[PDB]
Amino acid sequence: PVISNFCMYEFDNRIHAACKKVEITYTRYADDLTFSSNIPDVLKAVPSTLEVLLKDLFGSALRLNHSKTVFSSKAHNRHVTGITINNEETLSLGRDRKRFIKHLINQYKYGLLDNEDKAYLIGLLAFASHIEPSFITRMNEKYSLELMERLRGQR
Amino acid sequence: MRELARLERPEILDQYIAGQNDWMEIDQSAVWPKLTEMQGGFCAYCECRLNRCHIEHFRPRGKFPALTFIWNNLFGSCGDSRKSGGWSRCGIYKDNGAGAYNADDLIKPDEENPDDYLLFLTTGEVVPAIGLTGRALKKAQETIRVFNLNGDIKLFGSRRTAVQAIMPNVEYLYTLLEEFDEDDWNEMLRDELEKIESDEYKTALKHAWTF
Amino acid sequence: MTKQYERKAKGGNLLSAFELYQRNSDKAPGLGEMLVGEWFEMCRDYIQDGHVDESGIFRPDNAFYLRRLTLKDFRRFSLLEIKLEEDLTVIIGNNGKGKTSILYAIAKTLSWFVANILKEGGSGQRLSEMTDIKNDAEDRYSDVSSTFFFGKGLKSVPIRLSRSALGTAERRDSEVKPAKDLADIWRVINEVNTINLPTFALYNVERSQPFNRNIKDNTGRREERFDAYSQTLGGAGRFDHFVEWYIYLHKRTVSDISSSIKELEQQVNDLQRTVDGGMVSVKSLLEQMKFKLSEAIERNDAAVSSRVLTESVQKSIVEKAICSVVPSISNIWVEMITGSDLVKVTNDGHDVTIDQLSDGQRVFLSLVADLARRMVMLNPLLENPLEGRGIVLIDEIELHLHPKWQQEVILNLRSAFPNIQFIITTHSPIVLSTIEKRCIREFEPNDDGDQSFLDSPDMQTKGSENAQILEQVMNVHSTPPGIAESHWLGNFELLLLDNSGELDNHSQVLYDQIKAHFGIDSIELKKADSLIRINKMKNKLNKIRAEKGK
Amino acid sequence: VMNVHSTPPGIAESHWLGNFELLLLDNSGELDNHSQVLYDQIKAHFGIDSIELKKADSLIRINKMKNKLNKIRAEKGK
RNA sequence: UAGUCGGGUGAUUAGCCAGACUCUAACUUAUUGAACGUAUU
Ligand SMILES: Nc1ncnc2c1ncn2[C@@H]1O[C@H](COP(=O)(O)OP(=O)(O)O)[C@@H](O)[C@H]1O
């Protein structure tokens, strides 16, 4: 991981410098170049810049995945490295995952959830609390506070 | 083309200085209303309807950088390189398609009336006016060639089919001169003329309606 | 693992459900019965679910179509992207723009699906290392990336075809595994329990070849179901295969006593409607056929019920499709008398054999018949097999078609096959007049291959004038520019406006030339005389106004 | 020459201009609700500056002027 | 109109209800490793 991060330091620096001028923010989770902006029709030229910079730096060793270049807007689904971005411009787990978690908690309510699924639900709830703290409050309201407290356990 | 009347210069242009500041630094949300209130969403050189439009410079900044942040050089033409395409009309073809042209050989709609340089026909093509000799005829020909007014089909065909859609109206108006009184016929012609401004091509219909 | 696959499969994912089904089936029979399991039923319901919409057409729950196509260094394209429509996509442009290349790439991509449906881990077609790679290039390799949609359970099926040029040390590989996985799902589910299979056909320029049924073609028993995938993406439909299959169907229909007593009973109860009125000469050798119907009673009493042949239904469906889509053809059948088997059609009320068709009625009939045969053979569980899903590639759909036929070919094809994704190229404004603007993907006239992500036109082509489509979409004059007679109206405009709007010697000469060439009733002379009338009285009114303006 | 209509007969949207012309001819010329809805859907389908919309506008212009001429003739005398 | 977002109800990954968005335009992915959250500690 650290070698991979260092080998892309110059690429990250040059891409960030180019993107800040055109009001584009750039992040990379070591394989996922994410570019976003509020200016329309500004992200069209980003892939060409990426290709020319990669050819300048790494030659033919590192290449973009052209089948993995996706344009998205508020008209469609928007998720970055697993976190859905809402039309309200806030982080979310996605409606489908939230309904799955709700079903898991409902199954735990009637005692139809086994130990493996219970541990999976506890891990998912911790991840949700990290990502969507308001979802925990909503589940506390919907499924009562005592049920949630017994599900997460006590120290 | 129309004779365009200038107005008070927007204050956002005086904020920046040519040379030190780049054209991309400004926001176009301040110059577009100023262009629109005098052009009414019609192409600075083509009377194109401004559905896909951009800010156009009469003198390109590559060879005339000193004419950057001046409202006199600013114009609203059709097309947009930002939205991509192969536009070959008004400003985009002026900058890219034509090439090797002289700035002073193009009529400016700001100070020069295009009516006495250009004539619009029933067939839909624009030709220099009758009697143009010397620099006027060459200037009109250069304007037509650079702006591709006689050229790309999307303009010639559209203008021709717009003009030919009003020819029955023109015939019916002018064929009843003896029936109507001079004042009544004149006011009816004025009514016909005053509400073709809502139409797309100003002068072609004006040339098909006026003497 | 089993838990994660169960969590994904119960949410609607098809790949996880198939993985669970396979891991159950290959295990001990305690959990594997090859079927009658939750996961197998989930997969087969996902494939087979559908509903009849308000118009009476079966609509599958999970449609199958191609979403995106990317061409990297392929032929003349440095990097191109397309956004294929769900129902109909039209690609237009000048000659040598890459429409045939796009169709060829799509067919090469679909070949892997076809091969892995027919044959486990089968090998499809590959890009040519001699012609397909761009001549200029920078890396001397080409990629063709495709993404397919198969419902919400399978939102993306990425398949990439890659090839490197001759004499290159580094060879690029193809990523065709997801297509193999999807076709494995189709094939395994179909063998366990019959399902409806997709249709993949390519109709390129290699169609319109002369003759039909050249050889006996010992090629694999056209009757069997998986013969519908044989040479399906070759470019030219196997019309000889269709003729052999049609004669097979006719033999099966007329050689069944149950399927012959029905027509015998109806044929007997037709002379009674005729011989009763008169014509005592149409009974001597026709009431003898009543004895045949009586003989059919002793030739029967083994079926009693049913007596609805599947082959007869297939024949009727194919005949109805052929008659509905092709405008000139009214009927089609097989004659056995004169004991070579031959197929006859009815063109404009005249019964003609299959070999005396023209080029344009035979090519279109070949396309329609081949497509109908493949749809019928691959969709046995549908009430209307032509409503099955699939992808069909047609190149130059207006081939050998009169402008009258071009006005209805798209509508007829879309009506006969409503669930097929049609990807079509054309050079005609007449066909475009029947197609929505959103379904057209155009090439910029000044393009050398560096353009990316094609766009739809601006002007709404559906219901528009053909001349307007030529002007704005085809980028072509409605009046030829190389003809001197085309500029005569403009020249008359100039020579009339020159003095005051009045005629003179040269203007009158030009008017006489226009009248003699175009004629009296021509719209050119009408425009010229309307122009003269307008200008003369404009000049009169101008003089009148100038009189009082002094 | 080829006996082919300019617009496709099998497309419903291709008959809207003729229907508008007939529905404006039978009426007094004013844009009633029946003509207004057809004009609105023509504008929505073909576009703001399509040839169909320009032709419809020209028909409106000529019908209005013809009505004005008829009114003038009626006002001239009885 | 689609498609998308997701607040609620729902023995609950389904169905429904309310609301909202629309650059030509998401397709939800990967461990035991790395980091993050959580639990023991
Ligand atoms: N390998 C290649 N490299 C570069 N240009 C190519 C290559 N193969 C074909 N071309 C060019 O690209 C075009 C291909 O034509 P084609 O795809 O059949 O288009 P269409 O169906 O529009 O006429 C032609 O102009 C041909 O010269």
Side-chain angles (χ1 to χ4, degrees), chain A residues 1-5 29-32 34 36-44 67-90 92-113 119 121-136 138 141-143 152-155, chain B residues 82-85, chain C residues 1 4 6-13 16 67-68 81-87 145 147-150 152-158 178 437-438 440-442 452-458, chain D residues 44:
Chain A
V2 55
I3 299 299
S4 68
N5 286 139
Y29 205 83
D31 208 5
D32 304 63
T34 313
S36 71
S37 178
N38 276 309
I39 309 182
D41 298 294
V42 73
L43 292 162
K44 293 187 286 185
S67 54
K68 296 212 160 275
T69 297
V70 177
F71 289 80
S72 196
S73 75
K74 283 180 70 177
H76 325 281
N77 189 16
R78 263 155 64 242
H79 63 89
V80 171
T81 188
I83 316 293
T84 313
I85 321 178
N86 301 354
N87 294 350
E88 293 82 3
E89 322 282 21
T90 181
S92 178
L93 293 180
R95 181 207 181 74
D96 307 83
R97 206 210 271 280
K98 280 187 273 231
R99 302 252 282 187
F100 174 47
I101 292 163
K102 287 198 288 182
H103 156 74
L104 284 179
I105 302 169
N106 183 240
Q107 292 270 287
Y108 177 75
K109 181 179 179 180
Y110 304 117
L112 313 172
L113 203 71
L121 173 60
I122 294 161
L124 261 188
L125 282 192
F127 173 68
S129 70
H130 180 46
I131 292 311
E132 206 167 337
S134 77
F135 185 60
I136 302 307
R138 292 199 288 262
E141 296 162 353
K142 177 178 174 64
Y143 287 112
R152 326 281 289 281
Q154 273 75 236
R155 184 182 294 273
Chain B
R82 186 57 74 61
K83 286 172 154 306
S84 296
Chain C
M1 183 177 176
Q4 278 96 5
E6 284 176 353
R7 293 174 187 129
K8 296 219 72 72
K10 297 202 216 86
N13 197 356
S16 293
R67 288 173 62 181
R68 299 292 179 90
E81 190 202 336
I82 312 101
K83 182 175 73 175
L84 277 296
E85 293 270 327
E86 190 277 331
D87 57 356
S145 300
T147 296
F148 290 84
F149 184 84
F150 191 30
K152 302 310 198 252
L154 197 45
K155 288 179 182 177
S156 89
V157 189
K437 170 184 67 178
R438 67 169 179 82
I440 304 179
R441 307 275 179 277
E442 69 173 0
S452 188
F453 184 28
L454 295 183
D455 206 352
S456 301
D458 182 332

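These values consider heavy atoms only, across backbone and side chains, with no hydrogens, waters or symmetry-generated copies. The sequence lines fix the lettering, A, B, ..., with proteins before strands; numbering per chain opens at 1.
- If you check every strand for non-hydrogen atoms under 4.0 Å, C/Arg438 touches nothing.
- Donor-acceptor pairing under 3.5 Å, judged by distance alone, is present between the side chain of A/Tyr143 and the base of E/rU12.
- For A/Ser129, whose side chain is taken as the heavy atoms from C-beta onward, the closest listed nucleotide among E/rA20, E/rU13, E/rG37 is E/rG37.
- The distance between atom CG of A/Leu112 and atom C1' of E/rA11, rounded to the nearest whole Å, is 8 Å.
- Residue contacts for A/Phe127: at a heavy-atom cut-off of 4.0 Å it reaches no nucleic acid atom on any strand shown.
- With both pairing distances under 3.5 Å, E/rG19 is matched to E/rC5 as a Watson-Crick or G-U wobble pair.
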Open item on the list: One character per nucleotide, please: for nucleotides 23-33 of chain E, 5' to 3', B when the base has a protein heavy atom closer than 4.0 Å, S when only the sugar-phosphate does, - otherwise.
Closed with: BBBBBBB----
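- In terms of polar N and O atoms assigned as donor or acceptor, the side chain of A/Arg95 never comes within less than 3.5 Å of the base of E/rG19 in a complementary pairing.
- Candidate nucleotides E/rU9, E/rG7, E/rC36 were compared by shortest atom distance to the side chain of A/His130, and E/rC36 ranks first.
- No donor-acceptor pair under 3.5 Å is formed between the side chain of C/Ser156 and the backbone N or O of C/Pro158.
- Residue pairs meeting the salt bridge (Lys or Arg N to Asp or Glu O under 4.0 Å) criterion with at least one partner in residues 69-83 of chain A, sequence neighbours excluded, are A/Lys74-A/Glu89, A/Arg78-A/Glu89.
- With a glycosidic angle further than 90° from 0, E/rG15 counts as anti.
- Stacking of the bases of E/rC23 and E/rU24 is not indicated, since the six-membered rings fail the criterion of centres under 5.5 Å apart and planes under 30° apart.
- Remark: bases of strand neighbours E/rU38 and E/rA39 are stacked by the 5.5 Å centre distance and 30° plane angle definition.
- Residues that satisfy the side-chain hydrogen bond (donor to acceptor under 3.5 Å, both in side chains) test with C/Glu85, not counting sequence neighbours, are C/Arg438, C/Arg441.
- Contact annotation: side chain of A/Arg99 to base of E/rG6, donor-acceptor pair absent below 3.5 Å.
- Residues A/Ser92 and A/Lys98 bring a donor and an acceptor atom of their side chains to less than 3.5 Å of each other.
- C/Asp458 CG: 12 or fewer foreign heavy atoms inside a 6.0 Å radius.
- A/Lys98 has no side-chain polar atom (N or O) that falls below the 4.0 Å cut-off from OP1 or OP2 of E/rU13.
- Listed nucleotides: E/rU13, E/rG6, E/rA11. Nearest to the side chain of C/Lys10: E/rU13.
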